>>> print(open('entry_4.cif').read())   # mmCIF, C-alpha atoms
data_start
loop_
_atom_site.group_PDB
_atom_site.id
_atom_site.type_symbol
_atom_site.label_atom_id
_atom_site.label_comp_id
_atom_site.auth_asym_id
_atom_site.auth_seq_id
_atom_site.Cartn_x
_atom_site.Cartn_y
_atom_site.Cartn_z
ATOM 1 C CA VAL A 230 -42.047 -9.597 -51.081
ATOM 2 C CA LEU A 231 -38.496 -10.894 -51.807
ATOM 3 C CA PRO A 232 -36.693 -9.412 -48.767
ATOM 4 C CA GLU A 233 -39.204 -11.327 -46.605
ATOM 5 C CA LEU A 234 -38.782 -14.599 -48.529
ATOM 6 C CA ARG A 235 -35.006 -14.140 -48.228
ATOM 7 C CA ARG A 236 -35.197 -13.836 -44.434
ATOM 8 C CA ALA A 237 -37.844 -16.592 -44.157
ATOM 9 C CA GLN A 238 -35.542 -18.848 -46.181
ATOM 10 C CA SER A 239 -32.465 -18.287 -43.987
ATOM 11 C CA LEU A 240 -34.466 -18.735 -40.786
ATOM 12 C CA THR A 241 -35.841 -22.047 -42.139
ATOM 13 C CA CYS A 242 -32.398 -23.269 -43.155
ATOM 14 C CA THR A 243 -31.031 -22.572 -39.671
ATOM 15 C CA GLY A 244 -34.016 -24.293 -37.991
ATOM 16 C CA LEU A 245 -35.957 -21.378 -36.532
ATOM 17 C CA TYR A 246 -39.290 -22.734 -37.793
ATOM 18 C CA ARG A 247 -41.640 -20.696 -35.585
ATOM 19 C CA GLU A 248 -39.837 -17.430 -36.466
ATOM 20 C CA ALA A 249 -39.843 -18.427 -40.160
ATOM 21 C CA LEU A 250 -43.558 -19.311 -40.266
ATOM 22 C CA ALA A 251 -44.910 -15.790 -39.685
ATOM 23 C CA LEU A 252 -42.639 -14.413 -42.446
ATOM 24 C CA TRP A 253 -43.711 -16.999 -45.040
ATOM 25 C CA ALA A 254 -47.327 -16.420 -43.926
ATOM 26 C CA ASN A 255 -47.377 -12.660 -44.495
ATOM 27 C CA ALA A 256 -45.491 -13.033 -47.798
ATOM 28 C CA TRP A 257 -48.220 -15.506 -48.797
ATOM 29 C CA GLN A 258 -50.927 -12.944 -47.898
ATOM 30 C CA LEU A 259 -49.123 -10.193 -49.868
ATOM 31 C CA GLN A 260 -48.988 -12.358 -53.006
ATOM 32 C CA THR A 261 -52.547 -13.729 -52.787
ATOM 33 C CA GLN A 262 -54.295 -10.344 -53.095
ATOM 34 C CA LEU A 263 -51.680 -7.936 -54.400
ATOM 35 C CA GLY A 264 -50.832 -9.785 -57.612
ATOM 36 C CA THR A 265 -52.859 -12.985 -57.250
ATOM 37 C CA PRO A 266 -49.410 -14.057 -57.732
ATOM 38 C CA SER A 267 -47.867 -13.045 -61.046
ATOM 39 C CA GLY A 268 -45.447 -15.903 -61.895
ATOM 40 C CA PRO A 269 -45.920 -19.162 -59.857
ATOM 41 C CA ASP A 270 -42.487 -20.311 -58.583
ATOM 42 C CA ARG A 271 -42.631 -17.690 -55.832
ATOM 43 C CA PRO A 272 -46.073 -18.803 -54.602
ATOM 44 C CA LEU A 273 -44.870 -22.406 -54.701
ATOM 45 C CA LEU A 274 -41.700 -21.472 -52.797
ATOM 46 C CA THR A 275 -43.862 -19.724 -50.212
ATOM 47 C CA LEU A 276 -46.141 -22.747 -49.809
ATOM 48 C CA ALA A 277 -43.112 -24.985 -49.533
ATOM 49 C CA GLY A 278 -41.897 -22.705 -46.707
ATOM 50 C CA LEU A 279 -45.247 -22.914 -44.948
ATOM 51 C CA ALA A 280 -45.571 -26.695 -45.398
ATOM 52 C CA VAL A 281 -42.091 -27.335 -43.962
ATOM 53 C CA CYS A 282 -42.556 -25.018 -41.016
ATOM 54 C CA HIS A 283 -46.006 -26.369 -40.220
ATOM 55 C CA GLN A 284 -44.645 -29.951 -40.310
ATOM 56 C CA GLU A 285 -41.760 -29.073 -38.019
ATOM 57 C CA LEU A 286 -44.158 -27.408 -35.549
ATOM 58 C CA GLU A 287 -46.095 -29.748 -36.095
ATOM 59 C CA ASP A 288 -49.405 -28.716 -37.587
ATOM 60 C CA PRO A 289 -49.550 -31.598 -40.103
ATOM 61 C CA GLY A 290 -53.095 -30.437 -40.966
ATOM 62 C CA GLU A 291 -51.859 -26.946 -41.915
ATOM 63 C CA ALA A 292 -48.967 -28.536 -43.827
ATOM 64 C CA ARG A 293 -51.423 -30.708 -45.732
ATOM 65 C CA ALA A 294 -53.547 -27.642 -46.619
ATOM 66 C CA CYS A 295 -50.387 -26.012 -48.054
ATOM 67 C CA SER A 296 -49.695 -29.082 -50.198
ATOM 68 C CA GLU A 297 -53.242 -29.067 -51.512
ATOM 69 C CA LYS A 298 -52.995 -25.400 -52.516
ATOM 70 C CA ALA A 299 -49.698 -26.123 -54.261
ATOM 71 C CA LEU A 300 -50.995 -29.121 -56.199
ATOM 72 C CA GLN A 301 -53.954 -27.030 -57.379
ATOM 73 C CA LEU A 302 -51.627 -24.312 -58.657
ATOM 74 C CA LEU A 303 -49.404 -26.987 -60.274
ATOM 75 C CA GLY A 304 -52.420 -28.652 -61.849
ATOM 76 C CA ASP A 305 -53.996 -25.464 -63.207
ATOM 77 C CA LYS A 306 -53.359 -24.435 -66.802
ATOM 78 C CA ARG A 307 -51.572 -21.225 -65.915
ATOM 79 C CA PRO A 308 -49.284 -20.204 -68.823
ATOM 80 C CA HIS A 309 -46.553 -18.098 -67.128
ATOM 81 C CA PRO A 310 -46.905 -14.305 -67.550
ATOM 82 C CA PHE A 311 -44.070 -14.085 -70.107
ATOM 83 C CA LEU A 312 -45.631 -16.561 -72.582
ATOM 84 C CA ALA A 313 -48.187 -14.161 -74.041
ATOM 85 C CA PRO A 314 -45.702 -11.206 -74.323
ATOM 86 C CA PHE A 315 -43.210 -13.422 -76.155
ATOM 87 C CA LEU A 316 -45.795 -14.899 -78.538
ATOM 88 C CA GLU A 317 -46.780 -11.324 -79.420
ATOM 89 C CA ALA A 318 -43.168 -10.179 -79.814
ATOM 90 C CA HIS A 319 -42.538 -13.264 -81.960
ATOM 91 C CA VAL A 320 -45.549 -12.606 -84.219
ATOM 92 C CA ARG A 321 -44.506 -8.975 -84.591
ATOM 93 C CA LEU A 322 -40.795 -9.765 -85.194
ATOM 94 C CA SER A 323 -41.738 -12.370 -87.846
ATOM 95 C CA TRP A 324 -43.518 -9.601 -89.802
ATOM 96 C CA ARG A 325 -40.578 -7.163 -89.653
ATOM 97 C CA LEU A 326 -38.453 -10.012 -91.056
ATOM 98 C CA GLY A 327 -40.942 -11.445 -93.593
ATOM 99 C CA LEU A 328 -41.230 -14.809 -91.788
ATOM 100 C CA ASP A 329 -44.111 -17.143 -90.828
ATOM 101 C CA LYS A 330 -46.477 -16.051 -88.030
ATOM 102 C CA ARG A 331 -49.120 -18.694 -87.917
ATOM 103 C CA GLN A 332 -47.972 -21.097 -85.194
ATOM 104 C CA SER A 333 -47.214 -18.246 -82.862
ATOM 105 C CA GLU A 334 -50.519 -16.657 -83.882
ATOM 106 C CA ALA A 335 -52.646 -19.768 -83.472
ATOM 107 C CA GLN A 336 -51.138 -20.270 -80.029
ATOM 108 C CA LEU A 337 -51.895 -16.690 -78.962
ATOM 109 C CA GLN A 338 -55.471 -17.064 -80.280
ATOM 110 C CA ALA A 339 -55.991 -20.167 -78.155
ATOM 111 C CA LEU A 340 -54.763 -18.518 -74.967
ATOM 112 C CA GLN A 341 -57.284 -15.808 -75.854
ATOM 113 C CA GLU A 342 -60.150 -18.129 -76.959
ATOM 114 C CA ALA A 343 -59.808 -19.940 -73.634
ATOM 115 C CA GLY A 344 -59.312 -16.875 -71.440
ATOM 116 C CA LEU A 345 -55.655 -17.143 -70.347
ATOM 117 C CA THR A 346 -54.493 -13.703 -71.525
ATOM 118 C CA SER A 347 -56.031 -10.441 -72.787
ATOM 119 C CA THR A 348 -56.634 -9.577 -76.400
ATOM 120 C CA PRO A 349 -54.025 -7.221 -76.922
ATOM 121 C CA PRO A 350 -51.860 -9.316 -74.519
ATOM 122 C CA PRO A 351 -49.460 -7.514 -72.138
ATOM 123 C CA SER A 352 -46.233 -6.532 -73.811
ATOM 124 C CA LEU A 353 -42.612 -7.473 -73.259
ATOM 125 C CA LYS A 354 -41.858 -3.862 -72.339
ATOM 126 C CA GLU A 355 -44.886 -3.586 -70.000
ATOM 127 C CA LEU A 356 -43.836 -6.625 -67.963
ATOM 128 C CA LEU A 357 -40.222 -5.497 -68.127
ATOM 129 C CA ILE A 358 -40.840 -2.221 -66.256
ATOM 130 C CA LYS A 359 -43.596 -3.485 -63.903
ATOM 131 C CA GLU A 360 -41.371 -6.270 -62.598
ATOM 132 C CA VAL A 361 -40.026 -5.431 -59.132
ATOM 133 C CA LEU A 362 -36.339 -6.224 -58.505
ATOM 134 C CA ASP A 363 -36.792 -6.330 -54.783
ATOM 135 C CA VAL B 230 -26.517 -10.544 -60.636
ATOM 136 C CA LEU B 231 -29.359 -8.356 -59.411
ATOM 137 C CA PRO B 232 -27.407 -5.040 -59.303
ATOM 138 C CA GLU B 233 -26.768 -5.426 -63.065
ATOM 139 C CA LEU B 234 -30.417 -6.275 -63.820
ATOM 140 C CA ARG B 235 -32.007 -3.396 -61.923
ATOM 141 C CA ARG B 236 -29.454 -1.036 -63.535
ATOM 142 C CA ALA B 237 -30.396 -2.456 -66.935
ATOM 143 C CA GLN B 238 -34.133 -2.122 -66.189
ATOM 144 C CA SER B 239 -33.824 1.557 -65.260
ATOM 145 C CA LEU B 240 -31.978 2.503 -68.474
ATOM 146 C CA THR B 241 -34.624 0.585 -70.498
ATOM 147 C CA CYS B 242 -37.360 2.588 -68.779
ATOM 148 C CA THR B 243 -35.288 5.819 -69.364
ATOM 149 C CA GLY B 244 -35.091 4.962 -73.079
ATOM 150 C CA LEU B 245 -31.312 4.513 -73.200
ATOM 151 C CA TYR B 246 -31.362 1.243 -75.094
ATOM 152 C CA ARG B 247 -27.804 0.898 -76.323
ATOM 153 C CA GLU B 248 -26.531 1.424 -72.746
ATOM 154 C CA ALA B 249 -29.119 -0.954 -71.275
ATOM 155 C CA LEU B 250 -28.452 -3.614 -73.931
ATOM 156 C CA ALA B 251 -24.789 -3.710 -72.914
ATOM 157 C CA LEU B 252 -25.869 -4.438 -69.344
ATOM 158 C CA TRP B 253 -28.615 -6.967 -70.243
ATOM 159 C CA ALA B 254 -26.162 -8.876 -72.434
ATOM 160 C CA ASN B 255 -23.538 -8.982 -69.677
ATOM 161 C CA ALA B 256 -26.133 -10.056 -67.123
ATOM 162 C CA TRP B 257 -27.037 -12.887 -69.516
ATOM 163 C CA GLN B 258 -23.542 -14.342 -69.773
ATOM 164 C CA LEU B 259 -23.023 -14.073 -65.991
ATOM 165 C CA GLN B 260 -26.097 -16.268 -65.519
ATOM 166 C CA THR B 261 -24.303 -18.636 -67.837
ATOM 167 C CA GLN B 262 -21.621 -18.891 -65.102
ATOM 168 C CA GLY B 268 -35.999 -21.654 -62.394
ATOM 169 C CA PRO B 269 -36.876 -19.710 -65.591
ATOM 170 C CA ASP B 270 -37.521 -16.124 -64.514
ATOM 171 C CA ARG B 271 -34.234 -14.264 -64.417
ATOM 172 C CA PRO B 272 -33.451 -15.866 -67.839
ATOM 173 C CA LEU B 273 -36.912 -15.008 -69.209
ATOM 174 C CA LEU B 274 -36.505 -11.430 -67.936
ATOM 175 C CA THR B 275 -33.021 -10.969 -69.353
ATOM 176 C CA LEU B 276 -34.319 -12.296 -72.685
ATOM 177 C CA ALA B 277 -37.182 -9.782 -72.473
ATOM 178 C CA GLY B 278 -34.597 -7.079 -71.775
ATOM 179 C CA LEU B 279 -32.551 -8.131 -74.787
ATOM 180 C CA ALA B 280 -35.630 -8.544 -77.027
ATOM 181 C CA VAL B 281 -36.940 -5.067 -76.067
ATOM 182 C CA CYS B 282 -33.587 -3.331 -76.596
ATOM 183 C CA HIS B 283 -32.621 -5.186 -79.806
ATOM 184 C CA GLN B 284 -36.015 -4.174 -81.169
ATOM 185 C CA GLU B 285 -35.695 -0.467 -80.230
ATOM 186 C CA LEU B 286 -32.199 -0.345 -81.798
ATOM 187 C CA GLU B 287 -33.693 -1.954 -84.914
ATOM 188 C CA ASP B 288 -31.830 -5.235 -84.717
ATOM 189 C CA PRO B 289 -35.040 -7.302 -85.160
ATOM 190 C CA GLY B 290 -33.190 -10.562 -85.854
ATOM 191 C CA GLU B 291 -31.326 -10.614 -82.549
ATOM 192 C CA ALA B 292 -34.656 -9.793 -80.865
ATOM 193 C CA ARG B 293 -36.415 -12.685 -82.615
ATOM 194 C CA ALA B 294 -33.458 -14.931 -81.677
ATOM 195 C CA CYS B 295 -33.854 -13.911 -78.007
ATOM 196 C CA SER B 296 -37.599 -14.457 -78.268
ATOM 197 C CA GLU B 297 -36.935 -17.854 -79.832
ATOM 198 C CA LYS B 298 -34.834 -18.985 -76.853
ATOM 199 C CA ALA B 299 -37.554 -17.645 -74.549
ATOM 200 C CA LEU B 300 -40.247 -19.637 -76.338
ATOM 201 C CA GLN B 301 -37.895 -22.654 -76.018
ATOM 202 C CA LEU B 302 -37.430 -22.238 -72.247
ATOM 203 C CA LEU B 303 -41.179 -21.897 -71.882
ATOM 204 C CA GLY B 304 -42.019 -24.945 -73.943
ATOM 205 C CA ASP B 305 -40.070 -27.138 -71.502
ATOM 206 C CA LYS B 306 -41.829 -30.447 -70.852
ATOM 207 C CA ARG B 307 -40.061 -31.432 -67.618
ATOM 208 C CA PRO B 308 -42.305 -31.602 -64.528
ATOM 209 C CA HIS B 309 -42.214 -28.545 -62.357
ATOM 210 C CA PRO B 310 -39.426 -29.233 -59.798
ATOM 211 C CA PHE B 311 -41.885 -28.687 -56.950
ATOM 212 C CA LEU B 312 -44.419 -31.222 -58.204
ATOM 213 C CA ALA B 313 -42.840 -34.406 -56.827
ATOM 214 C CA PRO B 314 -41.822 -32.932 -53.425
ATOM 215 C CA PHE B 315 -45.343 -31.726 -53.098
ATOM 216 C CA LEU B 316 -46.982 -35.081 -53.924
ATOM 217 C CA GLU B 317 -44.630 -36.782 -51.492
ATOM 218 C CA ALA B 318 -45.661 -34.369 -48.765
ATOM 219 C CA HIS B 319 -49.316 -34.879 -49.669
ATOM 220 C CA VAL B 320 -49.121 -38.686 -49.599
ATOM 221 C CA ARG B 321 -47.197 -38.799 -46.321
ATOM 222 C CA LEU B 322 -49.489 -36.300 -44.592
ATOM 223 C CA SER B 323 -52.702 -37.929 -45.879
ATOM 224 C CA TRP B 324 -51.577 -41.256 -44.461
ATOM 225 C CA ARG B 325 -50.612 -39.702 -41.093
ATOM 226 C CA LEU B 326 -54.023 -38.050 -40.917
ATOM 227 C CA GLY B 327 -56.073 -40.972 -42.228
ATOM 228 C CA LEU B 328 -57.134 -39.186 -45.419
ATOM 229 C CA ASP B 329 -57.207 -40.332 -49.030
ATOM 230 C CA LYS B 330 -53.860 -40.462 -50.874
ATOM 231 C CA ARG B 331 -54.750 -42.739 -53.791
ATOM 232 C CA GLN B 332 -54.777 -40.090 -56.507
ATOM 233 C CA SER B 333 -51.719 -38.177 -55.482
ATOM 234 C CA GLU B 334 -49.802 -41.376 -54.771
ATOM 235 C CA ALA B 335 -50.691 -42.755 -58.199
ATOM 236 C CA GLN B 336 -49.324 -39.583 -59.773
ATOM 237 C CA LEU B 337 -46.116 -39.765 -57.758
ATOM 238 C CA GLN B 338 -45.615 -43.461 -58.613
ATOM 239 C CA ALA B 339 -46.019 -42.805 -62.319
ATOM 240 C CA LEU B 340 -43.355 -40.038 -62.176
ATOM 241 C CA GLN B 341 -41.039 -42.386 -60.295
ATOM 242 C CA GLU B 342 -41.515 -45.291 -62.693
ATOM 243 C CA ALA B 343 -40.844 -43.088 -65.717
ATOM 244 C CA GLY B 344 -37.660 -41.732 -64.134
ATOM 245 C CA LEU B 345 -39.142 -38.194 -63.936
ATOM 246 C CA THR B 346 -38.230 -37.905 -60.259
ATOM 247 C CA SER B 347 -36.183 -39.813 -57.611
ATOM 248 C CA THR B 348 -37.754 -42.956 -56.141
ATOM 249 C CA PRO B 349 -37.858 -41.436 -52.771
ATOM 250 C CA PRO B 350 -38.391 -37.924 -54.251
ATOM 251 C CA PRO B 351 -36.639 -34.719 -53.244
ATOM 252 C CA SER B 352 -38.166 -33.302 -50.054
ATOM 253 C CA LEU B 353 -39.661 -29.831 -49.701
ATOM 254 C CA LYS B 354 -36.721 -28.819 -47.456
ATOM 255 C CA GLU B 355 -34.141 -29.785 -50.123
ATOM 256 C CA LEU B 356 -35.652 -27.449 -52.709
ATOM 257 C CA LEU B 357 -36.106 -24.800 -50.009
ATOM 258 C CA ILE B 358 -32.346 -24.895 -49.298
ATOM 259 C CA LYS B 359 -31.139 -25.122 -52.910
ATOM 260 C CA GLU B 360 -33.207 -22.199 -54.198
ATOM 261 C CA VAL B 361 -31.409 -18.899 -54.731
ATOM 262 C CA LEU B 362 -33.141 -15.579 -54.088
ATOM 263 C CA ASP B 363 -30.152 -13.336 -54.841
#
>>> encode(input="entry_4.cif", output="C-alpha cells")
Amino acid sequence: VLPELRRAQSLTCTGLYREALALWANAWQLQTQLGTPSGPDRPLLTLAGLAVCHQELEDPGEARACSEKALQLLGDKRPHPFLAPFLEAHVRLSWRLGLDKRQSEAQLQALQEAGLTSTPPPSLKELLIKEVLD
Amino acid sequence: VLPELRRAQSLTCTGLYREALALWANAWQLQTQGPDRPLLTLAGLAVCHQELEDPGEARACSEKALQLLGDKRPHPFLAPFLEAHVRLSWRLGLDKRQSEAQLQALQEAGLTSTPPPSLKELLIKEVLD
C-alpha cells in the first residue's frame, strides 16, 4: 500500500487533486479489508488525503464523511498493534531477570478482559516478520 | 533508512541475530538524526537482544517502547480533523457543536494551535521514506 500512498502524497503536494483522489481511494479500499488496517496512522493519513482532495474538488460532503470516519477511529479505544507484543515481552523479560511483572501483567489482562488482543497475544517476532517494508 | 530496516528484518527472519542486531542498532541511531519505525526498530532490537541472551538490553528496549506508547499527547491528526469537521458541518448546515467543543477545549489547554494545523499541512510534512 505504501508505494501508492507515496505517489498519492506527491500528486497532492503538487496540486493534482483529481489524479491523487483515485490513488488514496484504492489504498483506502486495500487497507479496509486486507488488514482492517493494522496500525492507524496510515488509515488516518489516507483519510486526510481523501478529505483534502474531496474539498479541493469540491465534494465537501465526501470530505465530511472522511472526517467522520477519522474521528471515529481516533475516538475508538484501539491500542496500537505493538502494545500487546511489548507487554508480553516485558512480562517475560522481567521473569528472566527476577523483576516485577504485575503492572505489565494487569495491563495485558485488561486488554484481554475487554477484547483488545488475543490470549496468547501476538509476539514481537510475529509482528516483526509480518510487517511489510513496502 | 528503509534499506537498512528491510535488510535487518531479513536477517532476523533468517536467524542471524548478531548480524541483524548490528543493523537494527545502526538504523536506530540514524533515526536519531509518528511512532512506528521507532517501535519496529525497538522490536528488532528486543527480539535480537533476547535471542543473543542479553535480556537486559531487550527489557531496556521494551521499556522505551512502552514509554513511546504511553504518550499522552493528542494524536497529531485529531485537531486537523476536528477543524475540518467543524468547517464542513457549518458549510453544509449540519451540527458541529460536539466536535467544536472538543476542538475549543484542546485550543484553550494549549494542546493545539488556535487556528489548528490543517489537513494539508500534516499531509505535506509526513515522511513515507
>>> resolve_selection(input="entry_4.cif", expression="the PyMOL selection byres ((chain B) within 6 of (chain A))", output="NGL selection string")
:B and (277 or 293 or 315 or 319 or 353)
>>> atom_distance(input="entry_4.cif", atom1="CA of residue 307 (chain B)", atom2="CA of residue 332 (chain B)")
20.4 Å
>>> resolve_selection(input="entry_4.cif", expression="the PyMOL selection byres ((chain B and resi 314) around 10)", output="PDB file with C-alpha atoms, in the coordinates of the input")
ATOM      1  CA  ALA A 277     -43.112 -24.985 -49.533  1.00  0.00           C
ATOM      2  CA  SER A 296     -49.695 -29.082 -50.198  1.00  0.00           C
TER       3      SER A 296
ATOM      4  CA  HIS B 309     -42.214 -28.545 -62.357  1.00  0.00           C
ATOM      5  CA  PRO B 310     -39.426 -29.233 -59.798  1.00  0.00           C
ATOM      6  CA  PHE B 311     -41.885 -28.687 -56.950  1.00  0.00           C
ATOM      7  CA  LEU B 312     -44.419 -31.222 -58.204  1.00  0.00           C
ATOM      8  CA  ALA B 313     -42.840 -34.406 -56.827  1.00  0.00           C
ATOM      9  CA  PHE B 315     -45.343 -31.726 -53.098  1.00  0.00           C
ATOM     10  CA  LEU B 316     -46.982 -35.081 -53.924  1.00  0.00           C
ATOM     11  CA  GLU B 317     -44.630 -36.782 -51.492  1.00  0.00           C
ATOM     12  CA  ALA B 318     -45.661 -34.369 -48.765  1.00  0.00           C
ATOM     13  CA  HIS B 319     -49.316 -34.879 -49.669  1.00  0.00           C
ATOM     14  CA  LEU B 337     -46.116 -39.765 -57.758  1.00  0.00           C
ATOM     15  CA  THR B 346     -38.230 -37.905 -60.259  1.00  0.00           C
ATOM     16  CA  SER B 347     -36.183 -39.813 -57.611  1.00  0.00           C
ATOM     17  CA  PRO B 349     -37.858 -41.436 -52.771  1.00  0.00           C
ATOM     18  CA  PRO B 350     -38.391 -37.924 -54.251  1.00  0.00           C
ATOM     19  CA  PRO B 351     -36.639 -34.719 -53.244  1.00  0.00           C
ATOM     20  CA  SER B 352     -38.166 -33.302 -50.054  1.00  0.00           C
ATOM     21  CA  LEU B 353     -39.661 -29.831 -49.701  1.00  0.00           C
ATOM     22  CA  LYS B 354     -36.721 -28.819 -47.456  1.00  0.00           C
ATOM     23  CA  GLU B 355     -34.141 -29.785 -50.123  1.00  0.00           C
ATOM     24  CA  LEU B 356     -35.652 -27.449 -52.709  1.00  0.00           C
TER      25      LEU B 356
END
>>> atom_distance(input="entry_4.cif", atom1="CA of residue 292 (chain B)", atom2="CA of residue 278 (chain B)")
9.5 Å
>>> closest_residue(input="entry_4.cif", among="A:291, A:272, A:240, A:262", to="residue 323 (chain B)", atoms="all atoms listed in the file")
A:291
>>> atom_distance(input="entry_4.cif", atom1="CA of residue 341 (chain B)", atom2="CA of residue 325 (chain B)")
21.6 Å
>>> residues_around(input="entry_4.cif", residues="region 230-232 of chain B", least_positions_apart="2", cutoff="12 Å", atoms="all atoms listed in the file", output="ChimeraX atom specification")
/A:361-363 /B:234-239,252-262,271-272,274-275,361-363
>>> write_last_selection(input="entry_4.cif", atoms="C-alpha atoms", output="PDB file, keeping the file's coordinate frame")
ATOM      1  CA  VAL A 361     -40.026  -5.431 -59.132  1.00  0.00           C
ATOM      2  CA  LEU A 362     -36.339  -6.224 -58.505  1.00  0.00           C
ATOM      3  CA  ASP A 363     -36.792  -6.330 -54.783  1.00  0.00           C
TER       4      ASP A 363
ATOM      5  CA  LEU B 234     -30.417  -6.275 -63.820  1.00  0.00           C
ATOM      6  CA  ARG B 235     -32.007  -3.396 -61.923  1.00  0.00           C
ATOM      7  CA  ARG B 236     -29.454  -1.036 -63.535  1.00  0.00           C
ATOM      8  CA  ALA B 237     -30.396  -2.456 -66.935  1.00  0.00           C
ATOM      9  CA  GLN B 238     -34.133  -2.122 -66.189  1.00  0.00           C
ATOM     10  CA  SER B 239     -33.824   1.557 -65.260  1.00  0.00           C
ATOM     11  CA  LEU B 252     -25.869  -4.438 -69.344  1.00  0.00           C
ATOM     12  CA  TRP B 253     -28.615  -6.967 -70.243  1.00  0.00           C
ATOM     13  CA  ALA B 254     -26.162  -8.876 -72.434  1.00  0.00           C
ATOM     14  CA  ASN B 255     -23.538  -8.982 -69.677  1.00  0.00           C
ATOM     15  CA  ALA B 256     -26.133 -10.056 -67.123  1.00  0.00           C
ATOM     16  CA  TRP B 257     -27.037 -12.887 -69.516  1.00  0.00           C
ATOM     17  CA  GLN B 258     -23.542 -14.342 -69.773  1.00  0.00           C
ATOM     18  CA  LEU B 259     -23.023 -14.073 -65.991  1.00  0.00           C
ATOM     19  CA  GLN B 260     -26.097 -16.268 -65.519  1.00  0.00           C
ATOM     20  CA  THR B 261     -24.303 -18.636 -67.837  1.00  0.00           C
ATOM     21  CA  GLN B 262     -21.621 -18.891 -65.102  1.00  0.00           C
ATOM     22  CA  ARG B 271     -34.234 -14.264 -64.417  1.00  0.00           C
ATOM     23  CA  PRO B 272     -33.451 -15.866 -67.839  1.00  0.00           C
ATOM     24  CA  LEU B 274     -36.505 -11.430 -67.936  1.00  0.00           C
ATOM     25  CA  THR B 275     -33.021 -10.969 -69.353  1.00  0.00           C
ATOM     26  CA  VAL B 361     -31.409 -18.899 -54.731  1.00  0.00           C
ATOM     27  CA  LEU B 362     -33.141 -15.579 -54.088  1.00  0.00           C
ATOM     28  CA  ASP B 363     -30.152 -13.336 -54.841  1.00  0.00           C
TER      29      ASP B 363
END
>>> resolve_selection(input="entry_4.cif", expression="the PyMOL selection byres ((chain A and resi 255-257) around 9)", output="NGL selection string")
:A and (230-231 or 233-234 or 250-254 or 258-261 or 272 or 275-276 or 279)
>>> write_last_selection(input="entry_4.cif", atoms="C-alpha atoms", output="mmCIF file, keeping the file's coordinate frame")
data_model
loop_
_atom_site.group_PDB
_atom_site.id
_atom_site.type_symbol
_atom_site.label_atom_id
_atom_site.label_comp_id
_atom_site.auth_asym_id
_atom_site.auth_seq_id
_atom_site.Cartn_x
_atom_site.Cartn_y
_atom_site.Cartn_z
ATOM 1 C CA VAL A 230 -42.047 -9.597 -51.081
ATOM 2 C CA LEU A 231 -38.496 -10.894 -51.807
ATOM 3 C CA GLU A 233 -39.204 -11.327 -46.605
ATOM 4 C CA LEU A 234 -38.782 -14.599 -48.529
ATOM 5 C CA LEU A 250 -43.558 -19.311 -40.266
ATOM 6 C CA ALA A 251 -44.910 -15.790 -39.685
ATOM 7 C CA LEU A 252 -42.639 -14.413 -42.446
ATOM 8 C CA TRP A 253 -43.711 -16.999 -45.040
ATOM 9 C CA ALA A 254 -47.327 -16.420 -43.926
ATOM 10 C CA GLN A 258 -50.927 -12.944 -47.898
ATOM 11 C CA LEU A 259 -49.123 -10.193 -49.868
ATOM 12 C CA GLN A 260 -48.988 -12.358 -53.006
ATOM 13 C CA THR A 261 -52.547 -13.729 -52.787
ATOM 14 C CA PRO A 272 -46.073 -18.803 -54.602
ATOM 15 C CA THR A 275 -43.862 -19.724 -50.212
ATOM 16 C CA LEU A 276 -46.141 -22.747 -49.809
ATOM 17 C CA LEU A 279 -45.247 -22.914 -44.948
#
>>> axis_aligned_box(input="entry_4.cif", around="region 347-359 of chain A", padding_each_side="6 Å", output="lines of an AutoDock Vina configuration file")
center_x = -48.4
center_y = -6.3
center_z = -70.4
size_x = 28.4
size_y = 20.2
size_z = 25.0
>>> closest_residue(input="entry_4.cif", among="B:322, B:282, B:247, B:327", to="residue 283 (chain A)", atoms="all atoms listed in the file")
B:322
>>> closest_residue(input="entry_4.cif", among="A:247, A:263, A:340, A:269", to="residue 268 (chain B)", atoms="only C-alpha atoms")
A:269
>>> decode(input="entry_4.cif", residues="region 323-332 of chain B", atoms="N, CA and C atoms", output="PDB file, in the first residue's frame")
ATOM      1  N   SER B 323     -19.226  21.005   8.469  1.00  0.00           N
ATOM      2  CA  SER B 323     -20.547  20.946   9.077  1.00  0.00           C
ATOM      3  C   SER B 323     -21.289  22.273   8.970  1.00  0.00           C
ATOM      4  N   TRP B 324     -20.556  23.357   9.190  1.00  0.00           N
ATOM      5  CA  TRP B 324     -21.106  24.692   9.045  1.00  0.00           C
ATOM      6  C   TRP B 324     -21.489  24.965   7.595  1.00  0.00           C
ATOM      7  N   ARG B 325     -20.541  24.774   6.676  1.00  0.00           N
ATOM      8  CA  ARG B 325     -20.800  24.889   5.230  1.00  0.00           C
ATOM      9  C   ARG B 325     -22.065  24.127   4.824  1.00  0.00           C
ATOM     10  N   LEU B 326     -22.269  22.946   5.391  1.00  0.00           N
ATOM     11  CA  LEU B 326     -23.334  22.084   4.916  1.00  0.00           C
ATOM     12  C   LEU B 326     -24.583  22.154   5.794  1.00  0.00           C
ATOM     13  N   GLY B 327     -24.592  23.077   6.746  1.00  0.00           N
ATOM     14  CA  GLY B 327     -25.712  23.236   7.651  1.00  0.00           C
ATOM     15  C   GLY B 327     -25.957  22.052   8.571  1.00  0.00           C
ATOM     16  N   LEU B 328     -24.894  21.381   9.000  1.00  0.00           N
ATOM     17  CA  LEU B 328     -25.047  20.242   9.907  1.00  0.00           C
ATOM     18  C   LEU B 328     -24.449  20.577  11.261  1.00  0.00           C
ATOM     19  N   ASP B 329     -24.705  19.721  12.239  1.00  0.00           N
ATOM     20  CA  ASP B 329     -24.349  20.006  13.623  1.00  0.00           C
ATOM     21  C   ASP B 329     -22.840  19.892  13.893  1.00  0.00           C
ATOM     22  N   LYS B 330     -22.263  20.945  14.473  1.00  0.00           N
ATOM     23  CA  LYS B 330     -20.836  20.962  14.790  1.00  0.00           C
ATOM     24  C   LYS B 330     -20.577  21.142  16.281  1.00  0.00           C
ATOM     25  N   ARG B 331     -21.630  21.219  17.081  1.00  0.00           N
ATOM     26  CA  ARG B 331     -21.459  21.553  18.497  1.00  0.00           C
ATOM     27  C   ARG B 331     -20.458  20.671  19.245  1.00  0.00           C
ATOM     28  N   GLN B 332     -20.573  19.360  19.057  1.00  0.00           N
ATOM     29  CA  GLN B 332     -19.740  18.431  19.799  1.00  0.00           C
ATOM     30  C   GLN B 332     -18.283  18.514  19.378  1.00  0.00           C
TER      31      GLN B 332
END
